[PDB]
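Coming up, as structure tokens: structure 1 and structure 2, two forms of one and the same protein chain.
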Structure 1
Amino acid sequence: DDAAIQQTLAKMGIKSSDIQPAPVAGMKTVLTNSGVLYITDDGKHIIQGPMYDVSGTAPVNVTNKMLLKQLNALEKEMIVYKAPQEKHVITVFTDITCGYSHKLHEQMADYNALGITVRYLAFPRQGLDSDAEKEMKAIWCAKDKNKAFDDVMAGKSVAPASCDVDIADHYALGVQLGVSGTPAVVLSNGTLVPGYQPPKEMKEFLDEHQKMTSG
């Protein structure tokens, strides 16, 4: 029961963020300061994720699917480049100091034109004590985030700006989702697709992924 899980977590000096159900009988999904963990109902066993549902045609990352709750929770903190005819919606962990992230951003109008809406979350590859984290902190805190992001990528004046957006939250989520390098795309089902793909290749990928997921 919950008391057992809490006693086990407390023993390990872990602070439970919330106890959710798991697709496996006998255990729960637990998001903690240490991240997501699976723990048996009796609190006797812990299994580090991720957990995958492999009953279907393709493997689904259930941990990531669950984390989409935390991801969608950051929706207002995302820098969104809306496609006029939104046919696809992807969330991309980006680093303004990454050459490939610049290459992707430079073609944003093409992704948008192909019907792909891009939502950015910050991911400083160099960690929280880096120029990347400071620069993106200022971007996300700007009156106009899109303008600020476009400017910084173009190598312009990154106006000093502060707010309560914590890049550490974006970074932690990305790490938990399995983000290693940038850019990294997160799909609507939680699937992580690390890497850069030009507008055309990307569109086809998104079209095929979708076709081979719903049936």
Structure 2
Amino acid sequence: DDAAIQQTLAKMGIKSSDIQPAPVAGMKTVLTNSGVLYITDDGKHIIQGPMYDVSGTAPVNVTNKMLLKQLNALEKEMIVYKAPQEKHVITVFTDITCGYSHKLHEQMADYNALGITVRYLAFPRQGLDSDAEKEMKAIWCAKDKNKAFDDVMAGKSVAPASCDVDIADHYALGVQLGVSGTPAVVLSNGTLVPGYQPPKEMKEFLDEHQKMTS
């Protein structure tokens, strides 16, 4: 039943995969640390995502849509910089050794002033064994994540704390959404918008997008 899928995944070195329904008859969504896969219910065929629903007006990435639950499950681990008057909420995969992640953060006050709330998730482009990952682990373990994040970004060191937060979970969700470089923005609907955008351009881009969807 699922025994066929798990037998296939195990035999291919992908057993710890999370299985979910797929919007296609006879196929299931398979979440792995290296990306989402689609496999038939008989476990005989696999196709690497993403999957697009092209029935509507504009093609939608159902893979990233489905991943919104995964994203929402990590809401507690996100370092949130809420705008006073929240007009938009974007999720950002950031890397502390990325000059552009820095440029983006140095302007947090301006994103917030335009009603843009930013929620951070770690994504060390250098991998899970780099110093980037250790540092960020330390940040995400602090009592005050926002201040630790601010300090590190500002050049100050942080105390290597140990906690229940696995940067590996952040990294994996990112790769599942198609993140390869930093910083990468994830919209409310799952759409991945790689790269940094100044406050004004981001604001404008977000507004125009609200119309595109609605």
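Numbers given to residues start at 1 and step along the sequence of structure 1. Take the two forms, superpose them, and find the largest set of C-alpha atoms that agree within 1.5 Å; that set is the rigid core.
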- Task: Evaluate the two-part rigid decomposition between the two structures and tell whether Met136 and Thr57 fall together.
- Result: no
- Message: So the chain behaves as two rigid parts; what rotation angle in ° separates the smaller part's two orientations between the two structures?
- Response: 13
- Query: Core superposed, what is the CA shift for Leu31 between the two structures, in angstrom?
  - Reply: 3.2
- Message: If the core is used for the superposition, what shift in Å does the C-alpha of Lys87 show between the two structures?
- Response: 0.5
- Task: For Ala159, give the CA shift between the two structures in Å, the superposition being done on the rigid core.
- Result: 1.4
